[PDB]
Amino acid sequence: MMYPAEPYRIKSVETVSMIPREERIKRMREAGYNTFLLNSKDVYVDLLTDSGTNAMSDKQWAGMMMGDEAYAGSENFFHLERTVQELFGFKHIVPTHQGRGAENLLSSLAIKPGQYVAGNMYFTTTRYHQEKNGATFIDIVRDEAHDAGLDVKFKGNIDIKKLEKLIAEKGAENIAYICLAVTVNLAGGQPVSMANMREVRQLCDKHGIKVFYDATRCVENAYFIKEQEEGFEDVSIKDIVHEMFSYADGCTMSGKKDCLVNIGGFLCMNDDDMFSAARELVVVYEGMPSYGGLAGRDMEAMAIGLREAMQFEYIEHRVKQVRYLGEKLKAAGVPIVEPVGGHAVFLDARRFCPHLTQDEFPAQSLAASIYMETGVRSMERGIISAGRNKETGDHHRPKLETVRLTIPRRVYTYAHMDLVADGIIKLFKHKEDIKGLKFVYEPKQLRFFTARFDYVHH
């Protein structure tokens, strides 16, 4: 099926207030037309992010009642450890409170100053920790990834030629590690093929270079492999996931993404010595290696969730729900990043509002309009989030001016997707009526978080 029904029932609901348009407009204005300043209680469908917003199962909530909150030797730790060892195949695991905790550990252990880290694009926290520990980041993603309109498979693949060029120019000993992300966020949630992981592994093995996965949406990635990589159609998600990680030396994981939980993460590695070093380092940043900044009950929920994520029908429905939204928008001519990724649809607000300039903040304004029209919250990922240039004092002006419709796992229905799509399509049909915004309050940093705007009038 192009669009299968939910492979589960609703056990419990989260009630919402269902406020009318006049009230939404009032709340949007109070939030300075910045969706980051909206109160959760005033949002009907919250597509700000797929991180930590997932609906857990009855089995996970049963696990939540069996939290073994002991500082050492918790049953929940042992369940998590054996689950990750079984499903990912790594020798050692260190729990962390979420993904960027594991990144702090990995980069603190695996990077000497002056070295390079190469990856298929980047994520903000991941890159921060790499650079904080002395590394220069090199993008080695394939060129197609930077063409937002280009519909091609496995857009997230590393260009092996760029990797070969790097090794020759910089020398293997100067490369801390390859950071292979699955899926690739900055490209719109694009997958990486098994063939690509193999080729990166083979080349790195030649030169003694380590590969560490940024694995936050690895199950979504496994689904794309199963659906689209020749030869994998009859291989289980579980076997695809296990094979994927067989080509890595370790990984950083955010449970908040594909482990179907609201908090949690971990660091995996095969190397005994690195594991020992990670154990003493985790103590001062996260907590003892036996809980790593997580309650027992959350290690349990993450262990259960990761195993739940392996179910074909679940991840098929997850990805096809996102696809449904994207295809409905595409059918109406709405400009989106293509192909649709695993976890989100990205609107190109620049092309949605051709009558505006980027300096009138079309992404920020389109996000405001979407909320006022529907009660749906989306995230500005454009000029506002990019922040100001510290030297010039002018805006950074990023090439991507987008509104991100980010889909939590197992929270919404196709009817919610229809509500979102219908509102956006209505706005698109009258796009010329979307007004530009200007600052009325700008913080000196993290401006996307608390900035306030009002409309430009002529």
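Numbering starts at 1 and runs along the sequence shown.
Mean CA B-factor, 353-361 versus 303-311: the higher value falls on 353-361. On average the C-alpha atoms of 195-203 have higher B-factors than those of the other stretch, with 195-203 and 371-379 being the two compared. Ranking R323, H92, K238, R279 by the C-alpha B-factor listed in the PDB entry places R279 at the top. When the C-alpha B-factors of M417, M65, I424, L400 are ranked from the entry, the top spot goes to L400. The PDB entry assigns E30 a C-alpha temperature factor belonging to the middle third of its chain's modelled residues. The deposited CA B-factor of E229 belongs to the middle third of values across its chain.
Sorting the modelled residues of the chain by their CA temperature factor places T15 in the middle third.
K429 sits in the highest third of its chain by CA B factor, as recorded in the PDB entry. In the deposited entry, the Cα temperature factor of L80 places it in the lowest third of its chain's modelled residues.
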